[PDB]
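The next block holds one structure in the form of structure tokens; read it before the comments.
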Amino acid sequence: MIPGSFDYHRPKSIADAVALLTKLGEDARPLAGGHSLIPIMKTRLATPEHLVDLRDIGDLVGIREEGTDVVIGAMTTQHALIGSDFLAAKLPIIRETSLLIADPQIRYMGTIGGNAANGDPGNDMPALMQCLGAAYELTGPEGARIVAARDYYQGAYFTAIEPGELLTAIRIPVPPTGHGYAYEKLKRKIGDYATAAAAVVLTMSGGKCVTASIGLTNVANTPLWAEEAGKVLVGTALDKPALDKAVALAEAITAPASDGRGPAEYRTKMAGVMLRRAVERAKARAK
Amino acid sequence: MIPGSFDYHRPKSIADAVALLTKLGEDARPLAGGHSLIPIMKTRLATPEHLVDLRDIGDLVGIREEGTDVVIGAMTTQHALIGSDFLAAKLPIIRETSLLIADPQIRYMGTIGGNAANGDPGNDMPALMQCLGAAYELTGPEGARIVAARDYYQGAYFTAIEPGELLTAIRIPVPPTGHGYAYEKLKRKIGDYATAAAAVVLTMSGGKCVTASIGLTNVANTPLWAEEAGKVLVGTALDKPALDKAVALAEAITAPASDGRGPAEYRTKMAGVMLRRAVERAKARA
Amino acid sequence: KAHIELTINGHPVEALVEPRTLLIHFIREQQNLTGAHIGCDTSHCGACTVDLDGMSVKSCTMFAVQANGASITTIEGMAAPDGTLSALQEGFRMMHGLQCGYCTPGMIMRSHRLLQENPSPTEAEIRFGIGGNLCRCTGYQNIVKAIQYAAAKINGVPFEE
Amino acid sequence: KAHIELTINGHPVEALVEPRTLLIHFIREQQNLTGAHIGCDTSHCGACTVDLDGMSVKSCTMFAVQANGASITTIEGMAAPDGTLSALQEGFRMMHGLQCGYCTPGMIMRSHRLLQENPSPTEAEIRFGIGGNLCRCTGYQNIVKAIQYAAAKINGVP
Amino acid sequence: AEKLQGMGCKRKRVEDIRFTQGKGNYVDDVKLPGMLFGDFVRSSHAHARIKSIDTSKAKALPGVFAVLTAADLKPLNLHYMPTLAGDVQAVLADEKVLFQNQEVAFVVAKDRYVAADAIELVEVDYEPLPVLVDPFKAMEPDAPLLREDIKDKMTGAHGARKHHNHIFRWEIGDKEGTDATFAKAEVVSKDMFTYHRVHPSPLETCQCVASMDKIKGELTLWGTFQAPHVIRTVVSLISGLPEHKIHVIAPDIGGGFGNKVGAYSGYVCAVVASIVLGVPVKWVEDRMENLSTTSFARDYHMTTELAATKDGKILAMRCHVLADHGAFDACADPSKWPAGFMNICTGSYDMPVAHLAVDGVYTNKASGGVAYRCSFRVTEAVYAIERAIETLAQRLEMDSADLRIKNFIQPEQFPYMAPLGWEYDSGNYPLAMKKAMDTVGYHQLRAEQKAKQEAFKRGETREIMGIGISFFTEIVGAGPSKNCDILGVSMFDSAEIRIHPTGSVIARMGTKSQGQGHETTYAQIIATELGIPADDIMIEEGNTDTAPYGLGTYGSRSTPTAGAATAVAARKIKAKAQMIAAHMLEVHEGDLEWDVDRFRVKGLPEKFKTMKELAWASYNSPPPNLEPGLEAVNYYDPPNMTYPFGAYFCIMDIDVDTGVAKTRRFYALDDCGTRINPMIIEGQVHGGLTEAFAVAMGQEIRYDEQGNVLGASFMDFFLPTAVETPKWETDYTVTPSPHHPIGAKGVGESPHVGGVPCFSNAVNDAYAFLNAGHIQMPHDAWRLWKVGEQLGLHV
Amino acid sequence: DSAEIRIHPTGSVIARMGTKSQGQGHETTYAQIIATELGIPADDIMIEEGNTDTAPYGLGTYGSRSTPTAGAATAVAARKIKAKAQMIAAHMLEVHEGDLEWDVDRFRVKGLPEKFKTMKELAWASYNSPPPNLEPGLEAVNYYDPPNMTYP
Ligand SMILES: Cc1cc2nc3c(=O)[nH]c(=O)nc-3n(C[C@H](O)[C@H](O)[C@H](O)COP(=O)(O)OP(=O)(O)OC[C@H]3O[C@@H](n4cnc5c(N)ncnc54)[C@H](O)[C@@H]3O)c2cc1C
Ligand SMILES: Cc1cc2nc3c(=O)[nH]c(=O)nc-3n(C[C@H](O)[C@H](O)[C@H](O)COP(=O)(O)OP(=O)(O)OC[C@H]3O[C@@H](n4cnc5c(N)ncnc54)[C@H](O)[C@@H]3O)c2cc1C
Ligand SMILES: Nc1ccn([C@@H]2O[C@H](COP(=O)(O)OP(=O)(O)OC[C@H]3Oc4nc5nc(N)nc(O)c5nc4C(S)=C3S)[C@@H](O)[C@H]2O)c(=O)n1
Ligand code: FES
Ligand code: FES
Ligand code: FES
Ligand code: FES
């Protein structure tokens with residue numbers, strides 16, 4: 001229950017935060033909503049010597065239309081995502097996914113950037129970002145760079161971020177008007193990380209699928225972008241035979257954990273069921 | 001019980017305390033043992049704005065013999081007076097008196113200079129000091145000066161001290177070796193101020209009194225020095241006729257308060273009885 | 001120690017705290033506002049819920065230093081000054097929405113914010129809306145009734161039965 | 001307010017006090033050492049007696065600022081660190097030297113100093129020696145026994 | 001054997017452990033979250049109308065939370081409070097003040113320092129009224145109308161209401177018979193004896209901490225209460241809060257001595273303030289307010305007559321008292337007894353007939369009367385008779401010891417119906433008087449005295465010798481339900497005893513110690529009754545939630561009432577234990593006998609069950625006929641009072657020239673029946689004799705013609721130190737109370753009751769050969785000087 | 001298990017039991033049992049559990065036992081008080097106990113309903129004018145050894 005002692009910092013800018021994280025090294029962690037970090041400090045699984053609280057950096061909160069993207073600041077909370085009329089219009093899958101994350105209190109605090117950066121395969125945002133083809137804007141002591149969400153995750157708690165860097169924003173290409181979308185999660189109760197979940201965005205014309213992308217949550221040590229499963233839907237009517245192919249290609253890239261949610265084989269199968277169900281709901285929504 | 005607010009000072013030296021008292025004026029009071037001042041602050045009969053605590057001034061404490069005097073620092077406690085075997089050899093009446101003042105706790109704190117300076121006719125030391133012909137050394141912004149104890153008291157809480165002065169020492173002539181002495185006090189209980197008390201010092205030779213001096217405590221609005229009463233003893237065998245004369249002359253100068261200790265007429269007679277008993281015990285000592 | 005200044009139940013508070021002190025412990029141990037409770041060590045139960053700058057927060061998952069400058073309401077802050085209980089407090093009694101009482105401060109503080117988010121919620125919206133708060137005694141049914149009662153009281157008109 | 005630093009029952013104390021705060025109120029109210037009592041408003045009763053720099057002091061007749069730098073013992077300080085009662089505490093119980101208990105802290109604190117002043121006092125010395133302490137319950141007779149019992153115990157120790 | 005520490009043992013006190021270490025819990029030791037401090041603005045005037053109170057400067061002062069006046073109380077009907085005497089007393093003065101230092105406003109502040117500052121800011125405008133302080137003038141036609149709230153003007157004695165300053169007239173005894181005896185008796189001996197106003201002055205003053213919990217609607221009240229259950233019931237009746245929501249706690253009390261029976265304005269004001277503010281409010285009075293505004297004692301002017309034959313047989317007593325009650329009749333007493341038990345004033349003597357009348361009057365003084373070990377005016381009764389015996393003996397030219405011996409009620413006459421209605425339980429007066437006289441060498445003292453008197457007349461000494469005698473009959477343990485009640489509650493008391501499975505005990509009683517050792521001695525009663533060591537028993541009193549209802553500690557009633565209940569409750573447990581033993585041993589209960597700590601089978605003493613075993617069996621193997629567990633309660637309604645007695649002798653030497661008296665010897669024989677703890681009794685006697693010395697020789701509260709209260713601080717109020725207090729020589733006989741369950745009588749007040757006449761008789765006796773007459777107390781030096789001055793002794 | 005019930009002079013009540021609630025509402029429900037037995041409103045009754053110095057000895061709350069055991073004791077102890085109250089009423093009304101009938105919160109004289117004493121009046125009387133064969137006050141304890149379990 002009780003964390004180990006630490007020094008607490010409140011940088012005023014991104015630049016200052018990055019300078020601090022760079023100076024202080026691994027003993028310093030950024031503190032965003034704190035709803036993954038504080039729990040593991042409390043069990044002393046994490047014992048940072050410094051917490052760099054991002055709360056006074058106004059620049060890190062926000063939802064912006066820019067070019068052909070929406071750009072969401074890393075400190076934007078789940079609650080704010082859900083409350084955004086603009087996101088509900090342009091990227092309705094975000095609200096749907098957020099409302100399947102955690103609980104009201106956690107959503108008031110937890111941030112999109114913390115969800116993306118954390119590295120727990122249980123987080124829901126990572127695979128949604130992979131589905132959407134989002135890019136992560138990082139700032140570090142060496143400057144700015146971009147890493148595709150599809151390339152950000154290498155293993156459990158093993159991401160592409162480098163020493164001193166902060167994830168500052170997530171840049172999401174706005175999908176076509178009329179697109180279909182769904183996030184379908186199987187879980188033991190409110191607040192539980194998914195047994196399996198699937199994110200789907202697709203478009204249709206004239207009975208046929210034009211585009212499709214699929215992310216899979218918590219069925220490997222990272223999120224997964226089920227590239228071949230989406231590809232095999234394109235051109236089809238999204239009926240049971242097409243879905244059979246997609247399900248096989250999705251199941252084949254899973255490598256779940258065996259834990260209290262069930263054995264790995266069950267979770268692989270559930271990824272396929274969640275996929276079917278997500279595709280069906282996205283198909284209906286499309287147009 | 002609860003005093004009014006004040007500012008508290010701890011000067012390091014006589015000079016600093018006199019500077020403070022002089023600057024702050026009437027609204028500052030010296031604080032010595034506190035066992036008259038603090039009780040009247042707690043009733044709010046006194047509401048000084050400043051207290052000037054004399055505790056850190058080492059030069060105010062001590063007992064020494066200088067020429068034909070004993071000089072006692074104003075901050076010397078009753079307990080210290082009682083404890084001094086040097087004072088007991090020279091001025092044994094002081095110990096006797098001090099043991100009749102207040103109670104052990106008060107005697108640990110109360111000072112000789114406070115007892116002398118306070119101005120309550122209930123205090124025992126004033127008339128003793130008048131009996132002994134002591135002088136009070138005062139220091140103020142204008143320098144040192146001396147006031148006889150006999151000239152120091154004008155009324156209840158009205159004394160010869162001036163603004164900005166401290167009583168720094170008491171200078172007491174040492175009586176001859178073999179002198180008689182006594183302090184005889186009538187009171188309602190331990191701690192009480194006297195219904196009446198008498199201080200006597202006397203010397204004898206060849207069965208005759210050669211010198212005598214008498215003080216009377218708490219039988220007027222000041223201590224009294226009973227000049228005539230002491231003179232009438234000189235040359236006598238300290239027999240009945242002589243004592244009757246001294247008693248008359250002593251009673252005649254009293255003017256006691258009528259209070260819980262009894263009416264003025266009683267207290268006048270008790271000044272006489274205390275005087276008789278004190279002379280008798282002095283005579284035996286001499 | 002860090003110096004913090006905030007507002008709790010409408011009163012200014014100034015304190016010194018270690019950075020690692022959890023908000024729940026500052027509130028209970030330092031401020032002696034013992035209504036908020038601890039029911040878990042993993043941030044699931046919600047018994048520590050307070051209202052903080054217009055948000056329902058699990059105070060076991062925040063450091064007191066993070067609340068510098070904030071305004072917090074705890075269960076002690078809910079009743080009026082005239083003695084009279086809030087709508088929610090009254091509804092929890094009227095509808096028998098508590099037994100042991102251990103979840104009740106956190107349930108009421110969550111529900112206070114819920115009814116500001118959504119003044120006239122459906123039963124499903126209520127259940128979802130208190131998903132972060134566990135109760136062992138009531139089986140939730142009477143809690144839902146209590147929140148419906150309070151809403152109807154606030155609104156001047158009932159909604160669902 | 002004045003900053004003071006002193007020792008009470010062997011422990012360092014530091015505080016900020018109004019000069020007018022009486023020492024008995026500092027002890028009872030700020031320090032929460034409620035053994036010492038108040039029995040009067042004129043300095044007669046001795047219920048507030050503490051041992052201060054080797055002296056018996058009526059702490060209702062001193063300001064806390066005057067105790068700056070002092071070492072004070074109150075009744076709480078009299079038992080040994082292993083809990084064992086002092087000879088005086090034991091004597092007061094064995095000889096029935098208290099009833100309501102209200103004078104007792106001050107009587108024992110005065111008596112602690114009395115038996116340092118005079119380890120082998122006569123009854124007249126004892127009675128005079130506690131003349132600054134009033135008791136309503138005992139009529140003093142058993143208090144004298146208690147002090148005598150304590151002197152005998154102390155005088156046996158070495 | 002070594003562990004039992006039961007009845008008769010000098011068991012060392014369990015209280016002493018905490019009190020010798022400063023770990024008592026007295027009221028002012030209590031600190032609660034948010035607790036404020038309150039205290040009063042008080043009247044500078046004895047009698048005046050209140051034109052205006054300005055509180056605005058006090059309210060404005062930082063740290064001040066409230067300033068109550070009577071205007072805030074009225075609407076709650078709490079600007080007056082009821083008294084035990086059936087009058088009312090002003091809580092905060094409304095239209096007028098009636099005694100100096102009366103409460104006028106109540107300031108509530110952060111702490112007692114700020115409160116004291118804010119009190120000095122309140123400005124009261126007064127309009128003086130004529131002051132009445134002489135009770136002998138209280139019923140004159142031009143006497144001021146004090147109590148405008150209850151009385152109209154009524155200037156004489158023959159109107160449809162009593163004079164406006166007349167509180168009550170109470171009479172008892174056979175007026176016609178008494179008058180007829182006095183009309184024909186050979187000798188009639190009359191004097192007016194004043195028992196001057198004094199004060200109980202407990203070393204801890206009166207105080208409380210009120211805490212209204214507004215969230216729960218429950219009041220907790222810590223306070224200096226000798227009768228905490230009574231205070232609960234009163235607080236209920238006046239506040240409207242129900243008893244189950246009022247939690248009164250009398251914690252450790254630093255002496256009471258009767259000062260802490262009744263309610264004071266500070267209790268009511270703390271409560272009201274806490275109710276208004278919703279935080280705790282502490283009130284602690286200072287000494288000068290305790291002495292001048294809480295219960296005084298005595299203030300009876302007793303015109304006392306005995307009729308006799310020339311050979312010294314007492315034929316009748318006739319006594320009329322003028323009682324000065326101050327401004328409100330707050331005199332604690334059973335409700336039917338406005339002059340308490342003053343009708344025990346025929347004392348230890350067998351007289352055919354008697355008559356007593358008492359008139360109470362209002363004056364501009366604090367209220368009270370009954371306090372300071374009075375046993376409900378028995379102090380005054382005993383003084384009247386024991387002084388009258390001496391003045392009669394002078395008039396008869398008889399030795400007063402012989403006069404008593406000629407007139408004592410004899411042991412065979414008990415139970416003895418006395419001529420003013422009390423039936424004395426048991427007594428052996430001739431044996432105790434003889435033991436006393438022999439111990440002090442009485443006849444030799446009288447020869448010594450006669451020689452000293454002759455020396456005085458020859459000019460050989462200035463000292464005179466007095467021999468004081470006081471042979472007294474007390475009446476304690478109020479009392480039977482037929483005639484003893486406090487505001488309608490019968491004066492029973494109670495005990496509850498519960499034995500735990502492993503054989504230790506918790507017991508509670510409806511009394512409340514203020515130092516008398518109850519926590520030690522009640523356990524001794526139970527220990528003997530049940531064979532359970534006293535240290536295995538916890539005694540508690542004073543928490544109204546937990547203790548059984550009782551009427552409190554006063555009138556030396558604890559041993560008569562709760563001590564009886566303790567024994568009777570213990571005996572209920574014993575009887576149930578006998579049934580358990582019968583079940584276990586498979587015999588009839590009638591086949592068992594109790595033997596110290598076990599029941600044995602008659603004739604098979606090998607077969608037995610200990611109380612410890614029976615306690616465990618009551619939980620482990622309860623007999624099917626019976627309930628599990630082992631506990632009992634008794635509420636004890638006494639059949640009669642108990643009547644302890646004593647024989648006190650004082651030898652006093654007086655210096656006629658200064659007036660200074662010195663006690664040579666004081667011998668005190670007390671017989672209180674069965675003696676539970678001889679160590680504790682001895683302490684009670686030492687303390688009470690010291691009070692008696694104080695009252696007779698120096699203590700007073702006075703008022704001047706302007707109504708100023710004089711001498712009400714320790715600057716003047718005579719409390720002896722160890723230096724002044726005499727050594728005490730104590731002795732006893734044992735004459736059990738026949739009706740009490742363990743034969744025990746009360747004793748705590750006896751020493752004061754008997755002691756004051758002893759001292760005063762000694763002083764009066766010293767001067768009798770000089771024909772001084774009755775010398776009124778106190779016998780301090782100035783007053784005894786005036787005696788001699790007036791007899792010509794100084795010239 | 002056990003119950004102790006004490007009625008104050010002014011007719012409110014303190015009652016304690018040997019069980020201990022952890023949220024089952026004993027502080028509400030034990031008062032309900034007493035209220036019906038005695039005709040004293042439930043709000044006039046204070047219930048306490050859990051302080052071993054003050055509550056009568058009991059075996060605690062588990063086994064759904066509180067109602068079977070302490071709830072029985074509560075009723076039995078309250079019936080002891082009612083029986084004493086009926087004696088007091090008979091003494092005050094100058095009738096035989098068998099001439100009295102209970103009507104919610106009072107004893108009335110059979111066939112003379114205008115002659116009655118309420119429980120409140122009886123509680124005061126128990127302190128003010130105890131009938132000469134009875135003890136003062138009005139209180140009772142029961143330790144209840146059940147004859148069987150209950151089988152809901
Ligand atoms: C009871 C409970 C149930 C939950 N259920 C779910 C759920 O169903 N699905 C889900 O997705 N989440 C769930 N979560 C986790 C929650 O969404 C967290 O809020 C999220 O994992 C982390 O976001 P945060 O802002 O709280 O980050 P923090 O806890 O502050 O940080 C988490 C990690 O990310 C790092 N970090 C944070 N911000 C940045 C940044 N901008 N750049 C670089 N590194 C950064 C931190 O240093 C730390 O290592 C749950 C949490 C709880 C307590
Ligand atoms: C319960 C009690 C009983 C007592 N009984 C007696 C008794 O029997 N007989 C008796 O003689 N006394 C008695 N006293 C008084 C006691 O002796 C005081 O100690 C004494 O009166 C004042 O000395 P102090 O050092 O305490 O002076 P403080 O109380 O500190 O000062 C008293 C006054 O003298 C002034 N003052 C003090 N020192 C100086 C100085 N050096 N220069 C100029 N002004 C100064 C102060 O400003 C103040 O006005 C009793 C006191 C108490 C509390
Ligand atoms: N036969 C007896 C009689 C008494 N005792 C013991 O002596 C003590 C006093 O018992 P009792 O005579 O019954 O008197 P109370 O306990 O009822 O005390 C009241 C009494 O107590 C007196 N003594 C006091 N003593 C102290 N310390 N404090 C007070 O407030 C006192 N107030 C006074 C006044 S006034 C009164 S009314 C109890 O421990 C008792 O067991 C005994 O051993 N055997
Ligand atoms: S204590 Fe369980 S969520 Fe905070
Ligand atoms: S009321 Fe017990 S946990 Fe909810
Ligand atoms: S309280 Fe009485 S001398 Fe200090
Ligand atoms: S023991 Fe009660 S005042 Fe001394």
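Following the order of the structure tokens, chains are lettered A, B, ..., residues in each are numbered from 1, and ligands are numbered from 1.
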Query raised in the report: Do you know which residues are within 6 Å of ligand 3 using only C-alpha atoms and all ligand atoms? Can you write them as a PyMOL selection string?
Result: (chain D and resi 99-100+137) or (chain E and resi 255-258+372-373+514-518+521+553-559+672-678+680-681+684+744-749)
Query raised in the report: Can you tell me which residues sit at most 8 Å away from ligand 7, counting only C-alpha atoms and all ligand atoms, written as a PyMOL selection string?
Result: (chain D and resi 97-104+134-138) or (chain E and resi 202-204+254-255+515)
Requested in this report: For ligand 5, list the contacting residues at 7 Å or closer, counting only C-alpha atoms and all ligand atoms, as a PyMOL selection string.
Outcome: (chain C and resi 98-104+134-138) or (chain F and resi 23)
Report task. For residue B:37, please output as a list in words all residues within 8 Å (counting only C-alpha atoms; exclusion window: fewer than 4 positions along the same chain). Result -> residues 31, 41 and 46 of chain B
Residues from the last selection, N, CA, C and O atoms, saved as a tab-separated table (two decimals), in the first residue's frame:
chain	number	residue	atom	x	y	z
B	31	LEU	N	10.68	43.07	37.09
B	31	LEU	CA	10.23	41.77	37.56
B	31	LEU	C	11.39	41.08	38.26
B	31	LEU	O	12.43	40.83	37.68
B	41	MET	N	-1.01	41.11	38.93
B	41	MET	CA	-1.30	41.06	37.51
B	41	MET	C	-2.41	40.08	37.21
B	41	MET	O	-3.28	40.32	36.36
B	46	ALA	N	-2.80	45.20	38.53
B	46	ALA	CA	-1.69	45.73	37.73
B	46	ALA	C	-1.86	45.29	36.30
B	46	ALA	O	-1.95	44.08	36.05
**Report entry** Contacts of residue A:41 at 10 Å (only C-alpha atoms; same-chain gap of 3+ positions) as number ranges by chain
**Finding:** A: 1-5, 34, 36-38, 44-48; C: 20
Just the selected residues (C-alpha atoms), exported as a PDB file, in the first residue's frame, please.
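selection-v9.pdb written:
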ATOM      1  CA  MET A   1       0.000   0.000   0.000  1.00  0.00           C
ATOM      2  CA  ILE A   2       2.860   2.364   0.862  1.00  0.00           C
ATOM      3  CA  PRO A   3       5.262   3.617  -1.799  1.00  0.00           C
ATOM      4  CA  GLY A   4       8.921   4.317  -1.223  1.00  0.00           C
ATOM      5  CA  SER A   5       9.990   7.904  -0.768  1.00  0.00           C
ATOM      6  CA  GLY A  34      -0.868   8.102 -11.953  1.00  0.00           C
ATOM      7  CA  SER A  36      -0.835   2.748 -13.410  1.00  0.00           C
ATOM      8  CA  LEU A  37       2.323   4.206 -11.831  1.00  0.00           C
ATOM      9  CA  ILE A  38       1.010   4.899  -8.330  1.00  0.00           C
ATOM     10  CA  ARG A  44       7.035  -1.427  -4.436  1.00  0.00           C
ATOM     11  CA  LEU A  45       7.292  -3.027  -7.797  1.00  0.00           C
ATOM     12  CA  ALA A  46       8.425   0.464  -8.896  1.00  0.00           C
ATOM     13  CA  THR A  47      10.680   2.544  -6.641  1.00  0.00           C
ATOM     14  CA  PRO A  48      11.546   5.720  -8.553  1.00  0.00           C
TER      15      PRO A  48
ATOM     16  CA  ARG C  20       4.778  10.163  -0.965  1.00  0.00           C
TER      17      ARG C  20
END
Query raised in the report: For chain E, which residues have at least one atom within 6 Å of chain D, if we go by only C-alpha atoms? Write them as a list in words, please.
Result: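 Listed by rising number, the hits are residues 16, 19, 20, 21, 22, 29, 203, 204, 254, 255, 287, 514, 515, 683, 686, 687, 690, 721, 722 and 723 of chain E.
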Query - Sel. of alpha helix (DSSP H) residues, stretch 36-282 of chain B, as a PyMOL selection string - result: chain B and resi 37-42+78-83+85-90+92-98+104-109+112-118+125-131+227-233+240-253+264-282
